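Going down the list, the sequences are from chains A and B. The first sequence begins at 7 in the authors' numbering and counts up one residue at a time. The second sequence begins at 6 in the authors' numbering and counts up one residue at a time. Ideal Cβ placement from N, Cα and C applies to all residues, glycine included.
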Amino acid sequence: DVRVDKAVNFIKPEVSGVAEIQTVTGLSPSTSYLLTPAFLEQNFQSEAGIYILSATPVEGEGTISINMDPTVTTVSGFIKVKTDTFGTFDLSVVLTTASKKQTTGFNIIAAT
Amino acid sequence: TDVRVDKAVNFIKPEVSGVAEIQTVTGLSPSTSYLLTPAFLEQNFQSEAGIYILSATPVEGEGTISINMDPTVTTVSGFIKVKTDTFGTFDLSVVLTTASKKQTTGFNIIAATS
Numbered sequence: 007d008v009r010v011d012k013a014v015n016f017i018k019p020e021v022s023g024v025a026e027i028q029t030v031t032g033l034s035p036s037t038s039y040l041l042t043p044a045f046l047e048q049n050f051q052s053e054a055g056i057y058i059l060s061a062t063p064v065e066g067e068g069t070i071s072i073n074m075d076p077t078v079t080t081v082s083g084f085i086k087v088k089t090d091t092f093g094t095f096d097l098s099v100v101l102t103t104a105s106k107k108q109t110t111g112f113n114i115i116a117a118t
Numbered sequence: 006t007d008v009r010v011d012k013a014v015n016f017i018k019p020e021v022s023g024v025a026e027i028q029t030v031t032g033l034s035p036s037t038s039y040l041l042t043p044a045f046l047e048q049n050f051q052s053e054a055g056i057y058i059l060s061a062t063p064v065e066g067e068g069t070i071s072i073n074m075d076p077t078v079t080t081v082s083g084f085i086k087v088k089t090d091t092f093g094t095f096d097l098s099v100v101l102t103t104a105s106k107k108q109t110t111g112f113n114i115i116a117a118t119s
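Right under this line is the structure:
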């Protein structure tokens, strides 16, 4: 089968254009996961500016892009990452404008 | 043990507002379960008035994909679990609230692999 093992929100980095590390824990050791973006009922115009998030694995493939530009809107990409022996993996997450404090996230999918 | 995107598929563009149509997805492995997740790339949902709102549900399966581009309440969420028939197909029910929103959205078909 394929299932969503965990649904997590993206972090909200403090400084525009400066990525921060997001660590996901508690997963199965040395296991391949696929991450896909998702978000629910968000107001991306609740304050000035454009919500633009990029996420990449420190060790893996792919990029998630969430760009809510009203002219050119993208919610796409997927990440392949394998946990270490502890059941953890790290992403690098950046917001182009850090005052966009909407909540977005991803699904963590495994075959089991 | 591993997982991959088997294929990326665009959602249909229903012709009539509010009237669900079937989208038949083909070419997969017989009698096999997949997960579907939403995605879209570089769309201008404001090329004309009105809101792009799509909902998709398998005819036989679990979950609903929702893509609601309302600027006050924007959703790109849900995931569908669906099993193919013995010929490698499955059907979705897809409904667009305003059919004149001809933007392109879609889903990833996620599969187990080695």
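Problem set entry | Contact set for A44 of chain A: own chain, Cβ-Cβ below 7 Å, skip 5 residues either direction | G111, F112 and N113
Exercise. Are any of the Cβ atoms in chain B nearer than 8 Å to that of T103 of chain A?
Worked result: At a cut-off of 8 Å, the C-beta of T103 of chain A has no neighbouring C-beta in chain B.
Exercise. Quick one: Cα of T89 of chain A to Cα of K106 of chain B, how far?
Worked result: 41 Å
For this session: Could you check the C-alpha separation between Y39 of chain B and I115 of chain B for me, to the nearest Å?
Result: 6 Å
Problem set entry | Opening and closing residue of the beta strand (DSSP E) in which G55 of chain A lies | Neither: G55 of chain A is in no beta strand (DSSP E) and is coded neither H nor E.
For this session: Just mark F92 of chain A as buried or exposed, buried being the case when its beta carbon has 16 or more other beta carbons within 10 Å.
Result: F92 of chain A comes out exposed.
Problem set entry | Among A:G68, A:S60 and A:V87, the one whose alpha carbon lies nearest that of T80 of chain A | Of the candidates A:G68, A:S60 and A:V87, the one whose C-alpha sits nearest the C-alpha of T80 of chain A is A:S60.
For this session: Pull up the CB-CB distance for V99 of chain B and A13 of chain B, whole angstroms please, since I reckon it's below 8 Å.
Result: Rounded, the Cβ-Cβ distance is 16 Å, inconsistent with contact.
For this session: Please list, in chain order, all residues of the same chain as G32 of chain A whose beta carbon is under 7 Å from its beta carbon, the five residues on each side excluded.
Result: Only residues of its own chain outside the window of five on either side were considered, and among them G93 have a CB closer than 7 Å to the CB of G32 of chain A, listed in chain order.
Problem set entry | Contact with chain B by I115 of chain A, beta-carbon distance below 8 Å | yes
Exercise. With DSSP run on the structure shown, which of helix, strand or coil describes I27 of chain A?
Worked result: strand
Exercise. Beta-carbon of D11 of chain A versus every beta-carbon of chain B: anything under 8 Å?
Worked result: no
For this session: Since I believe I70 of chain A is in contact with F84 of chain A (beta carbons under 8 Å), could you give me their beta-carbon distance rounded to a whole number of angstroms?
Result: By a beta-carbon distance limit of 8 Å, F84 of chain A contacts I70 of chain A. Their separation comes to about 7 Å.
Problem set entry | Interface positions of the segment 32 to 49 of chain B facing chain A (Cβ-Cβ less than 9 Å), listed along the chain | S38, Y39, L40, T42, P43, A44, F45, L46, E47, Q48 and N49
For this session: Please state whether DSSP places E65 of chain A in a helix, a strand or coil.
Result: coil
Exercise. Where DSSP assigns a beta bridge to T79 of chain B, which residues make up the other side?
Worked result: A:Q48
Exercise. What separation, rounded to the nearest whole angstrom, lies between the Cα atoms of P19 of chain B and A104 of chain B?
Worked result: So the two alpha carbons sit approximately 6 Å from each other.
For this session: Note down, in chain order, every chain A residue with its Cβ under 7 Å from the Cβ of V78 of chain B.
Result: Within chain A, the residues near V78 of chain B are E47 and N49.
Exercise. Quick one: Cα of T109 of chain B to Cα of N15 of chain B, how far?
Worked result: C-alpha separation (whole angstroms): 7 Å.
Exercise. Cβ of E53 of chain A within 8 Å of Cβ of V78 of chain B?
Worked result: no
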